[PDB]
Each structure stands twice: as structure tokens, then as C-alpha cells.
Amino acid sequence: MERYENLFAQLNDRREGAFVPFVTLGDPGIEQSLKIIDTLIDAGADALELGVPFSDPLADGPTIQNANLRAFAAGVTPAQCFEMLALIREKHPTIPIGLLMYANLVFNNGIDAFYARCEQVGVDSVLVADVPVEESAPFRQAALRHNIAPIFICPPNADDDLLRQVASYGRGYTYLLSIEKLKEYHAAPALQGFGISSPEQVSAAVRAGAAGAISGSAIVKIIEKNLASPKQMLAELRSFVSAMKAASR
Amino acid sequence: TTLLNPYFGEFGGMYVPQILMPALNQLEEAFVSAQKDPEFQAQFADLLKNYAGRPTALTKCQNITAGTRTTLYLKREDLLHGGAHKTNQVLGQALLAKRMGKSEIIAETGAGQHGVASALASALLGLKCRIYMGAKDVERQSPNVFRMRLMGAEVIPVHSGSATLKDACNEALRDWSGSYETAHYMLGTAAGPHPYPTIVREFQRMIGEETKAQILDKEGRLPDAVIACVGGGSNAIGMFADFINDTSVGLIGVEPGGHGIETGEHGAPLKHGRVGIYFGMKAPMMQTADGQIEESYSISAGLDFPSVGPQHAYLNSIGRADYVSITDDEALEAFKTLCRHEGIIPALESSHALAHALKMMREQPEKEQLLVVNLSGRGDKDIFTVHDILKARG
Amino acid sequence: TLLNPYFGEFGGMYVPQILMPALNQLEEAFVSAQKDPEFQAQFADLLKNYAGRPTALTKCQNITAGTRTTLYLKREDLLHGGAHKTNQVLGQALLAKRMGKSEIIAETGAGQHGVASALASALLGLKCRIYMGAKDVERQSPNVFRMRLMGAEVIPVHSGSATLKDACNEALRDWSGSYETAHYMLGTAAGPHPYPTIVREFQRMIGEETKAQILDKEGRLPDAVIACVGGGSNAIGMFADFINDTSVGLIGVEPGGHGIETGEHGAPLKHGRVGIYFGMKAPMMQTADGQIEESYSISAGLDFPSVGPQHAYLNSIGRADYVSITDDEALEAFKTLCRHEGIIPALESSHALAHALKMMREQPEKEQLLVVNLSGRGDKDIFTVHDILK
Amino acid sequence: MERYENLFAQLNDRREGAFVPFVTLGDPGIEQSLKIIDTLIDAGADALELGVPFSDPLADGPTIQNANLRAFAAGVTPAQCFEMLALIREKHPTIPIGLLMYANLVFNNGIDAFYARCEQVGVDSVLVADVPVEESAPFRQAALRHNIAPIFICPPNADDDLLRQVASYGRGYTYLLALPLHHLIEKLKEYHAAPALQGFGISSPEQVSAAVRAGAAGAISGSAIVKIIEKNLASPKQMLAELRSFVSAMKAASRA
Ligand code: NA
Ligand code: NA
């Protein structure tokens, strides 16, 4: 539905890309993460992308493997992840909240019973990291039956066949990994997500024609460096987020 | 999309990140081509026979069946070059890879047997081979690491948190993402995303074919049942394949029972797990109520996999195969029996299969039973594991 | 005796009188079994269905690149137990059973002959006792455990030197008293008659299989078969069938150690002197006044100061040609076969291999159909090769 | 030629068995071994058999295995033993001397040259430990060419075929070790064998007189006398006096 479309609207007639930070729900703890969430909004984050700690993250690199390990060994459950989402959505009822899921946490007790929960808590999108467009049919259904936008990675080895299917099936934004024609096929707006560490990389992305950028490792790399010092962690996130979102103006 | 069917009933699939899909599809296409090419079928067959040593022997147990009506044959994959049945699929995939133009093999290993399999096939077909190993297992396994390097491979220890088999698995997989044009990923079981279950069965199915032929020669009939251990499912599907349409032949797979099923530290997902999506596939796995992947336990490293190849899940759903479990202790006694009364040191994996055959015999000692147990591999690697248990026990 | 104890001048039964009855009884039992087609088939079923004969005849792929050498490897490393000794041990176990014997005695150093006798005894229901230098019992905990797992009884000898030549002493002392119930499993083709004959006969299927397989894959006999010669059993088992095929070279490779001129070798065939020892008249490394002198080689199995009597003979009549390979040539051949053929050879057999690469690289335009006897798996030599490389 | 016959003669004239000690030449050292040998003679040893240290003695047991390593490690050589033998023979021209040899030391550079050195220095008999009668032709030949008695062990698994062989080929004495032990001793006298000496486990004087009672001409003790030597390495003179005590008790156990 709307929260993503209502955001790329006002972002396009302010002539500016979107900045989406990525963080693992409940990392390093439930209460500290809530604060991390808010700091990121108050520093100028246009949308969120929250990950749900999973025992086995195939498709995430080193820094996100460890953030995932932090929250998981600490006991953060997917059920707790939803109680935090309810607090989040009710404090900032306008901001698009995407989820980064792993297939088995979606599939576990019904693909449909999942996407229902996302709808009723206020989530907006769901990226399933280990479900390619070829296996997506049952997730695209449950997604649409509950007004949840399915996000698909478009990789740099993508042929015209897949560009088609990402454009048709994909709503919200299209998460792409680094010069293209996804717009030609009427795809949801593209968000660059390959190696967004600098503000430099972010304006490199917008200048390249993207609707915005997502940085995962960079933002949680900050969490990792300041586990002992929760208040430093928050302040250093403010510096970074504001510095990045500003490189999109 | 997909030349071949990726599913076996519900189970199977290609549940992987989009970025990997071109590599799986190119792998599947190259494999379909080679399955039709008589020069590949001939070249592979020449390797299996003159380098690996196929056919392997089918040993009749003289002593341990005494005073019973059961006749126990042992299919001797322990005699295959490299000591285990994994050499079949490894030479197969190296052939496939040299055919695809690829010049590099990627692999990872835990205990280290698969690393050595890969390294030796890479050495033979002139492929540059790099093996990921958890930094822990590099300490534990200095002998294996040295064999791999003796054979030209490059062992790359991983430290990324964890630091065991399911963590090299990430570095090796991540690596493959970026180099599938140049390197083949040597998966080591009949599990994971399509086409790996199908390729692996096809490069292992000659175990059953030899066994069918060998038992027909010695006994003039088909066996009552074939028995094989089921960790990832590769040796079992290799023995089961040719018997699948011989309805009279019981297909029995043995999952590791750990310390007991009720204790919940086993490795028996087929019978005691739940379908979930993981390791690229939809398969029964051991998981918690909220869908985290549980840890499996077995005294045998080979059997210590929290899921199982999808074709086994399919065989169990339609009634063809019967899956049972055998505990550490049960497998321990089978292992000692075979050393003492047959002069064969089995691997602790195949020992689970042995133990279930002796159970079938010792429960009905007057039933006429012609059984085949697949001895998936040599037990020399397990001497220390076994010595420590027997020392602790006295 | 029933058969001829000599090969020309070499061989004999040079043992204390007390041991002659055991040896004659063994010979008579053997002569009888050799003419019983039911023994022959029993032995042959065992070799095929338990031990896994025939063994592969493998064609090197990369090793002979850019040369006209075609190099086959007879793969006794794939035999059950990892080495060619399984053949003679199963046959002796079968013969011991045929004689009513219920026990086996045996001697071991590094432990692989102990393991072979243990597994043959576990299969065939014999009660097996293995003598082993207490030195060698703590340097090989794994094989000791294997022999006990596969449980014979390992009797450690603390007499003088805890080494293989002092386990032979008590093994024999033991057989002396117990020959009516126990068979002594001599581990090579040396020693007193009928052992050099019995061992040849229970290994000759190596060469027979090779002749058949090579007549099948190349339609001709090979130019030369190459084997390392320590005790002499894998070599004579490779040679036996080819003795009457004049065209076929028989090349036996003794270990040159650090070099023949350094005196630390194990090549008594070409640099020793005929003497009497271990119950046979054979060339042996001996000091000027007739002490048996120490052999050296980095391969344990090749560290024998003498050689089987049939090789001394084949070399006297010039039918076989004996050369040497040094520690370091052998080492480099070990490394080559791992790196380029995916096979880890034993340090013994890699003396034979190394000589084949010498014959190849010195005449690489020359057409050569060579077979090399890979006498054993090399998983046992890893630590010896690891140290040596620092 | 002389000494074993002239000895066995007077022994049964004064009706008595012979006692023969075995020691290893140059054990524990050359100059100590000559003294050991003189003590053995002075305490009543009728003949003596000396072993030459060989690097790899098979037919031998643990006590003798080590006496051998002691002289070998000390670099006693066959040449040094032959010098000793001469010094020994020159001082007791009477007593029969037997060598206990290993084939290779006899064969090393000529069976015949070996036996001519024996005769040249005064030895009377050679026992080659690892030459059964079946292989003995060249050694017996060399022996008779040089008036050396060839000694042969008659073991307890010995059939009548071997007893006749031994009775024909042996000179000096039969070295003795399954029907009564006397029906080995009787069969040998029936075939007119050289007188029997029992050399199986002769360690205490009560075994020496048991050996003479069963009908043997005497008794040999290998390890028992060598045992005393190993016991007293630290104490060279206590050794000589423990051997004097032992040999005289041994020789007295044979005064019937
Ligand atoms: Na499993
Ligand atoms: Na030698």
C-alpha cells in the first residue's frame, strides 16, 4: 500500500534521495535497540529495514553475522521482535518499516499467518533473503493478500528475464546491488544497497539515478564499536545518519 | 526455468539468494548436457574403475551372523580410493567442472574428509582447489590439513565467530557468489538447492547398481533390504537409487540417534523434525517452535547434520523408504563387533547402519533375511574418538 | 625337503635344529595346499570378496606430460588394510587353519604388518599374538589400538633394543616352543625355506593381474615393471609371472638412504656381500669381519639389512636389474604423486616411482610402457614427511 | 683328536660327570674375561665353551643376548677373541675349548679359513648355532680337514632320523636339551654318539646331578654363570669369587 509510495512522493518533489538504515532488531538488547531505532529516525532516516535475529544467516556478511549472533545468543525471539515493532510503529506512525526475513522464519507456522502478523502490527515490506523470484509465488500471494510490499534483490548478474519479474512482482522499492532500466519496466523505485559506507557512496548512488540508498554494515559496525558505551553509541549514530541522509539532498 | 524438476514431492527447491541463481542454472545445464554425452559417461566410468577402484567388493560376513538365518553382505565403499564413498561424487563434479571450462574448485570441510576428497580430485584433473575450514577444526585436524596441502590445495581457515563446518560453509558459499564463472562449488551431500541433490544421486547411484549385480551373482535373488546411514543422505541415495522400482527390496535408512531421541540430542530430522526452509532447500529439519535451526548431535561427525536430502524426505512420505535411528552406544558396539569378528574397521557413520542390521538379526534370529549394509567408509579416522570413549568408560 | 630351498646359491634353512620340524611341517602343508583346488578357490574368494582384488591399474595423467613415457601404477594401496602384505597374510592364515593351527605369532615395527595379521586373524577366527618393541609401542599408539580394537594381543619386548629385530627374536623363540599350535607369520619374502617360496606364491597374483590388465589396455606386455625391494615380497609378487617374458624388464629399487658412498643405505643386493643371517644365505650389509651392519632409509619398510633370496638369484643370472633411489629422490616422488595424481604413496613404493621418473626424464623422447607397483598406502608416512620439510 | 677324548676318559675313570660353563669372550671386557676364564678353570670346570660376540644372536635368550651386547658394544672383535683363545690355550694346554659361533662369523670370509684358525690357535670344537645338520656339509668338511670336533644340538623334538645323523656327524660331545629324556640319551649311546652333555636349564647343582643321574656325561650351564657376571659388573673381584663358589658347587654336584 501507501507508506512507501507516500514517501517516494514527497522525496521526489523535495528533489532528494532516501536514506534507509539497516539494524538487527534487539541488537545488543531489546531496550538499547529501541533507542537505536529512535536515534536513527531523529537523525533523518526516511525508512527502516529491521532484521529479525536468525540462528543461521547464509546471505549476510561478517558484521551482520555478528550483530545477528548478539541478539540471538541474548535470547531475542521473533515474538519479542513483534512487540518491539508494535512500540516502534505506534511512536512513528508515518515511517515505512521494512523487514529482512529468512525463509524459515516466514514459513514456520504458515507463510500466510506471518504476513498477517506483519500487516496487523504495521509493517510495510518484507524482504525474504533466501527466496528468489523463482520460488516466491506463495510469498507474493500472502504479501498481497495483506497489503505488504514484497522486496526483491536485483543483483548485478541480472538478465532481462529477471528484470521483468522483479518489476512485475516487486512493490515498495527494489533492493539492488551494484546504469539500468528497471524504471523502463515500471519497477518499484530502486534503492542501492551495495557497500554504502560513506556519504560519498550515497550521493554517488543518487547521481547514478537511484531513489536512495541502504547501509547495513556501516550502521551496525557503529553499534559493535560502542557496546560498552551505550550513550556514545547513540551520539555516534546521530553523527553518521545525519551526515549520510544529508549527502542525499 | 529449470531443465530438471527441482522437487521430490514437497521437498527440495532452490531456496537461495537471487545472486546465486545463475550459478545453479548454469550448473544444472552443464550437468544435463554431460549426462547425455557418451564421452563424459565413458570418461567418468574410466576414472571410477581405474583410479578410484570400482567396482568395490561385496563382503559376506562369516562370523557375526552365526546361529541365525540372516546373511549379511557389506558393500565395501571403505575400499574406494580415499577411504569413503564421497570419492564418487567428487570425481564426478571435478569432471563436470573441467567440462564447464572452470579451472578452480571451492569446498569446505569440518572433520576434513571432504576437503581431502576434493583436493585429490582437484589434483587429478588439474584444478586449483581451495578449501575453507573452521579455525577450530584446523587445530584439531593437523593431519588432514597436511594431506590437503600435500595435494596442492589451499586451506583457508575461517574465524568468523562460530568457526566450524556451518561457518566455512558461509565463506565458501559467499566466495562462490563472486566466482561461479571461474570456480565450481563442491557440495558434499545429497542436500541443498537444486540441482545438487540430483547431481549427487547420479554420481553415487553406481553403489546400488554394483550391489544389485553383485548380489544377483552370489545369491540369485535381490536382497530383502538394503541399509545405509543417513546424515546428509548421499551414501544412502547412492545405494537406494537402483532399488527404488524393485518394490520387494526394503530401503532402510538409519539416522543417528545421539544420546536417545527422547533426550532431544539426536540427528534424526526425518522422523523427529519438521519441514522448514534451510540450506537452500525445503526439507525436514530439527528446529525450535519459532523456527530457529536446532543443533543436532551424534558421536559420528558425518551424521551430524540437522536436516537431510530432500529425496529421502520424499521416499519417507510415500512409504517406499523406512527410516530408523541408532544411538551412539548402539553404533559403538557395532563398530567394535566388526573389528573383532570381521577384521574390518568401519567408519562411525556406517556403524549406525551395521548396528541396525544386527538388531534386525538379533530380534528374529530364525527369520531368513538377506541384508546389505552399505559400509560408507573406513574407520581409521575414528580411532581416537573411539579410544576416548572406551578410556572414559574403562 | 619336498621343494628346493635354494635359488642358485642363495636361500637355505639356516636355523637352529629345534626349528627344523616346524619348517618341514610348514613346507609339507604348503605343497599339499598348492595342489588342492579347494584351497586355491578359498584363498581366491577371500582375495576378491574380502580384500578387494583385483586392484586398479591406474594410468598417470599429468606425471608423464610432454614425454613418450606411459606410466601405470598397480594399486595395492587400495587393497584392504592399505598394503600388499594383506595378500600373504590371508594366505598364511588360511594355511594355518588348514594345518589345524589355532594361533598366530607375528612381529611388527611401525605396526602395519601387525595390523594385517590382526585383521586376518579376526576374520578367520585365529587367536593372534604380536611381538613389538616397547620403543615402537609408544611411538605407535594408533596401530597398537587398532591391533587391540581388532584385538590380537600385542606383547611389547624390552630386550636390549625395543626394535623390530628384537621382536623377531622373541616371536621366533615363541614359535620354537609353540609351533604345534601357532603359525609364525613371517612378514617378508626373506628368511628360511619355505617362507621365500610361500610368500612368492601368495603374492604372484599382483603380477598376474598386471599382465592381464596391461594386455587389455595396451595389447602388449610392458617394457619394465618397477618395484621397491626391502624384504622383497611386493617386488617378487610383481615379478614372478614376468620371469619367463624376456622382453619385460624387472627393475628392483633398493633404498639409497643418504647416498651409497655415505655408507647409510639399504642396498645390500648391489653393495652388500653374501652372508648367512635370518635363516638364509643372501647378500647382506656386513662389516669387514662379519658383523651384520645397520641399514638406513627414511622408509621403515625398506630398512632391512638383507634381501629375499630370489632377488639375489635373479640378479646373478641377470634377469632382474637392481638400482637405488635416495631418501631425497623418493621424497620428491612422494610429493609429485600427491600433487599431480591425487594419490598419497607409501615412502617404500615412492622409491620405485622416483626411479620411473628418472627413466622418464632422462629419455623423455623414448617410448616406455612402465608399470610401477604402488605397494602401500601412504597415510602412515605423513608425519615422517612433515618433519622432513621442517 | 685329543682333548675331549682324553677328558671324558678320566672323568668316568674317577666315575664322574663333566661340568662345562658357557661365557662370552670379552664380556664385560677383554682383561676381565681372561680372569673370569681362569677362575672357571681353577674352580673345576672340565671343559669350557666360549661364545664370540655377534651383532644379531637369534638362537639365544635374554641373559645371553645382553652378555653379547656388552662385549659387542665394547668393540670386542673376532680377531680379539682369537688372541684371547691363544693366551687361554697357552696357559692351560690341557682343557678342551669349544666355541659357540654364529654361521656368518664362520662363513664370513671362508668356512675353511675359519676352521684353520681354530686349529692354529688350539680350539677343539665348534658349535654353529644356526646350522642344522641339513646344512652342515661344508662346516663338517672344514672341521674334519682341521681336527675340529663339530658339535650338534640334539633338541627334544628330535626324531630317530636326526639322532642317527647327529650320532654319525658329531665329534667331541652331543649338546642335548617326547618319550623319556633317557630314551633320547639311550638312543644316542645305541648309535654310538659322542657323550651327551645336558645344556637345558642347568642353573643349580641339583640340576647337574639330575642330568648325570638320567645318564648324561655331564652338564652345561649357559645363562647361570653369565647371570653372575651381569650381577657384579660394578664389583670385578666379588664377581670372580661368586663364580669360584658357583663353579665348585656345580662341579661337586657331579662327583658320582
Ligand atoms: Na541428518
Ligand atoms: Na633391504
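Proteins get letters first, then strands, A, B, ... in listed order; numbering begins at 1 in each. What's counted below: heavy atoms across the whole structure, side chains too, no hydrogens, waters or symmetry copies.
- Side-chain atoms of B:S162 do not come within 3.5 Å of backbone N or O of B:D167 as any donor-acceptor pair.
- Considering only heavy atoms from C-beta on, B:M21 comes within 4.5 Å of A:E134 through its side chain.
- A salt bridge links B:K128 with B:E154: at least one charged nitrogen is closer than 4.0 Å to a carboxylate oxygen.
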Intermediate values then yes/no, side chain to side chain donor-acceptor pair (under 3.5 Å), A:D42 and A:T39: CA-CA 5 Å; A:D42 293 349; A:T39 303; over 6 Å; no
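- Atom-to-atom distance recorded for B:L187:CG and B:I106:CD1 is 12.0 Å, nearest 0.5 angstrom.
- Between the side chain of B:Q287 and the main chain of B:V275, a donor-acceptor pair closer than 3.5 Å is present.
- Looking at B:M133 and B:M148, their side chains come closer than 4.5 Å, going by heavy atoms from C-beta outward.
- Side chains of B:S296 and B:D304: a donor on one and an acceptor on the other come within 3.5 Å.
- Counting only distance, with no hydrogens or angles, the side chain of B:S122 and the backbone of B:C129 share no donor-acceptor pair below 3.5 Å.
- Closest of all the heavy-atom pairs between B:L24 and B:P195 is O-CD, 3.8 Å.
- Listed here is the closest heavy atom pair of B:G291 and A:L105: O-CD2, 3.9 Å.
- For residues 93-132 of chain A, every residue pair satisfying the ring-ring contact (aromatic ring centres under 6.0 Å, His included) rule, not counting sequence neighbours, is listed here: A:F54-A:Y102.
- Within the 4.5 Å cutoff, the side chain of A:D38 has no heavy atoms near those of the A:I88 side chain.
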Given the rule in the side-chain contact (heavy atoms from CB on, under 4.5 Å) test, do A:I153 and A:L176 qualify, once you have shown the distances and angles that lead to the verdict? CA-CA 5 Å; A:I153 301 143; A:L176 83 89; over 6 Å; no
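- For A:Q65 (side chain) and B:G161 (main-chain N/O), no donor-acceptor pair under 3.5 Å exists by modelled atom type.
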Checking A:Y175 against A:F152 for the side-chain contact (heavy atoms from CB on, under 4.5 Å) test, could you report, in this order, the C-alpha distance in whole Å, the side-chain angles of both residues, the deciding distance, and whether it holds? CA-CA 6 Å; A:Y175 189 129; A:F152 292 96; over 6 Å; no
Table please: side-chain donor-acceptor pairs of residues 213-237 of chain A below 3.5 Å, with sequence neighbours left out.
from   : atom 1 : to     : atom 2 : distance (Å)
A:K221 : NZ     : A:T63  : OG1    : 3.2
A:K221 : NZ     : A:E224 : OE1    : 3.1

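- Other residues, nucleotides and ligands place more than 12 heavy atoms under 6.0 Å from the CD atom of A:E184.
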As a quick check of understanding, evaluate side chain to side chain donor-acceptor pair (under 3.5 Å) for B:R99 and B:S33, giving each step before the final call. CA-CA 10 Å; B:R99 160 144 177 142; B:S33 168; 2.7 Å; yes
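- B:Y15 contributes atom OH, which lies 10.5 Å from atom CE of B:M281 (distance to the nearest 0.5 angstrom).
- When the ring pair (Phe, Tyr, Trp, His ring centres under 6.0 Å) test is applied to B:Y185, the partners found at least two apart in sequence or on another chain are B:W176.
- B:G192 and B:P197 make their closest contact through O-CG, 3.3 Å (heavy atoms, listed as atom of the first residue, atom of the second, distance).
- Between A:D46 and A:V20 the shortest side-chain heavy-atom distance does not fall below 4.5 Å.
- Note on ring orientation: taking the six-membered ring where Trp is involved, the planes of B:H184 and B:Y196 are parallel (angle under 30°, cut-offs 30° and 60°).
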Show your reasoning for whether side-chain contact (heavy atoms from CB on, under 4.5 Å) applies to B:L4 and B:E28. CA-CA 8 Å; B:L4 301 169; B:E28 174 200 54; 3.5 Å; yes
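- The side chain to side chain donor-acceptor pair (under 3.5 Å) test applied to B:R130 returns B:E104, B:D175, B:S179, not counting sequence neighbours.
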As a quick check of understanding, evaluate side-chain contact (heavy atoms from CB on, under 4.5 Å) for A:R70 and A:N66, giving each step before the final call. CA-CA 6 Å; A:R70 279 200 284 291; A:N66 289 21; 4.2 Å; yes
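- Scanning all heavy atoms of the two residues, the minimum distance from B:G188 to B:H114 falls at CA-CE1, 3.5 Å.
- From A:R238, atom CZ reaches atom CG of A:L40 across 10.0 Å, with rounding to the nearest 0.5 Å.
- Using modelled atom types, no side-chain atom of A:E119 and backbone atom of A:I148 make a donor-acceptor pair closer than 3.5 Å.
- Aromatic pair A:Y173/A:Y4: ring centres closer than 6.0 Å.
- Ionic pairing of A:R145 and A:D112 is present here: one or more N-O contacts between side-chain nitrogen and carboxylate oxygen are shorter than 4.0 angstrom.
- By the 4.5 Å heavy-atom criterion applied to side chains, A:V52 and A:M101 are counted as neighbours.
- In this structure, A:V23 and A:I37 have side chains that are in contact, with non-hydrogen atoms separated by less than 4.5 Å.
- A:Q80 places a side-chain N or O within 3.5 Å of a backbone atom of A:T77 that can act as its donor or acceptor partner.
- Judged by a 6.0 Å distance limit and a 45° cone about the ring axis, A:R164 is positioned over the six-membered ring of A:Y185.
- A salt bridge links A:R89 with A:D124; the closest basic N to acidic carboxylate O contact falls under 4.0 Å.
- Remark: A:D159 pairs with no residue by the salt bridge (charged side-chain N to carboxylate O under 4.0 Å, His left out) rule, at least two apart or across chains.
- A:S136 and A:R140 share a donor-acceptor pair across their side chains, judged by distance under 3.5 Å alone.
- Between the side chain of B:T2 and the backbone N or O of B:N5, no donor-acceptor pair lies under 3.5 Å.
- At distances below 3.5 Å, at least one donor-acceptor pair connects side-chain atoms of A:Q201 with backbone N or O atoms of A:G195.
- The shortest distance between side-chain heavy atoms of A:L50 and A:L85 falls below 4.5 Å.
- Within the model, atoms CG of A:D56 and CD of B:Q292 stand 8.5 Å from one another, a figure rounded to the nearest 0.5 Å.
- Between B:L27 and B:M100, some side-chain heavy-atom pair lies under the 4.5 Å cut-off.
- Here the shortest heavy-atom pairing between B:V158 and B:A168 reads CG2-N, 3.7 Å.
- Judged by distance alone, with hydrogens and angles left aside, the side-chain atoms of B:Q18 form no donor-acceptor pair with the main-chain N or O of A:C154 at under 3.5 Å.
- Expressed to the nearest 0.5 Å, how far CG of A:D27 lies from OG of A:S33 amounts to 6.0 Å.
- Of the inter-residue distances, the one linking A:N68 atom CG with A:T24 atom OG1 reads 5.0 Å to the nearest 0.5 angstrom.
- Across all their heavy atoms, A:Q192 and A:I196 have their closest contact at CG-CD1, 3.8 Å.
- Residue pairs meeting the ring-ring contact (aromatic ring centres under 6.0 Å, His included) criterion with at least one member in residues 56-93 of chain A: none, sequence neighbours excluded.
- B:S307 contributes a side-chain N or O that, together with a main-chain N or O of B:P284, makes up a donor-acceptor pair within less than 3.5 Å.
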